[PDB]
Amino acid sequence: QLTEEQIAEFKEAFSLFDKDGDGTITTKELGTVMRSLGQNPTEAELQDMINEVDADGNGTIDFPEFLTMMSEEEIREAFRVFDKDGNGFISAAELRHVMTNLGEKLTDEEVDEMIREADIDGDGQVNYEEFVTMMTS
């Protein structure tokens, strides 16, 4: 169903959900990350989505279960979470907003450096095409 590459990439995404690092996402944790990225799912939608994939039945989501639980419009809407005002471009101040909502700790020197290494044309910001190229390496 998924390529080797993409399984590895989702494994790193999974750790973003799993903050305490116990190898498992609770309901509380799953909400924290969706809500931090601008979404408003409810306590029953989360719990019912979890129960339909909780194969071992232990009230909790391991990585295998997270995989099944998971169409360029998804990719484009992914970009639109970084693009608050939506000029089609992600600034250093906007990336800093999604980073710190997500829980990532860094200074603006660091934020600026990230934006630069992904910014192929050198205009100080990150457009959608340059956003996809990273994902795929």
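So that the term is clear: the rigid core is the largest set of C-alpha atoms that superpose within 1.5 Å between two forms. Note that residue numbering begins at 1 and tracks the sequence as displayed.
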property	result
Stretch with larger C-alpha RMS deviation in 6 other deposited structures of this protein, core superposed, 57-65 versus 77-85	57-65
Residue 70-residue 71 interval: deposited residues absent from the model	4 to 9
Segment of higher mean CA temperature factor, 115-123 or 8-16	115-123
Among modelled residues of the same chain, the CA temperature factor third for residue 74	lowest
Chain third (lowest, middle, highest) by recorded CA B-factor, residue given as residue 86	middle
Record-listed C-alpha B factor of residue 48: chain third	middle
B-factor third for the C-alpha atom of residue 62 within its chain	lowest
